[PDB]
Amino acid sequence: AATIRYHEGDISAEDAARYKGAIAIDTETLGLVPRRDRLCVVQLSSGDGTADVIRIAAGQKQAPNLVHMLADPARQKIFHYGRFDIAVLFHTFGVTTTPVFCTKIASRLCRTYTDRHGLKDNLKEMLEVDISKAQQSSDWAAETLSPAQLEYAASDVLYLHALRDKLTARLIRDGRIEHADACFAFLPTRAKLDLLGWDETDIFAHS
């Protein structure tokens, strides 16, 4: 019945069964460099106002119930800036998350009247929802996640279905849903190119 369902290592089968459709997802790590900074938390939400928070142990390389969800082509995974998380999940578990919807790419493609494409600003404008970023820069490898860390992790996925729905309607209205879908199809490759060593260059540029 909990708003924040906590797991160690992997999601339970009962909680994975809550996800009959799209899966909202984010991760927390020790930093922005996957080969240096380990995966610490994976958080998920089915869009019903509750979330799963999964603590990932140091050195952990399998999470079979979660990994099946990530690879399942029948269920879309929704991220805000999936470029990073898709890379972290491939680096850690060897899974290519697919198919994906990225609300940051979607924001860039339809919220053409602003330069503010972060999650907090998207949720404020599109949903009139306030989230706090205070815990983004904390030690996510802690043995005991703090109440504030659990709040942040859950709130970071609780609103992604609703945000995707609003941005999808804007993309359809403004004629860019096809462009968005092509971006989402390339996103796992973009993440893998980062891991391989092209993380600071646009492969489509001249240089």
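When you see a residue number, it is the position in the sequence shown, counting from 1.
- Taking only CA atoms, the mean B-factor in the PDB entry is higher for 140-148 than for the other of 163-171 and 140-148.
- For the pair 85-93 and 130-138, the record assigns the higher mean C-alpha temperature factor to 130-138.
- Among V42, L32, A182, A154, the highest C-alpha B-factor recorded in the PDB entry belongs to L32.
- When the C-alpha B-factors of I54, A58, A51, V67 are read from the PDB record, the largest value belongs to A58.
- The entry lists a Cα temperature factor for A24 that places it in the lowest third of the chain's modelled residues.
- In this PDB entry, the Cα temperature factor of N122 sits in the middle third of its chain's modelled residues.
- In this PDB entry, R75 carries a Cα temperature factor that places it within the middle third of its chain's modelled residues.
- For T114, the recorded CA temperature factor ranks within the highest third of the chain's modelled residues.
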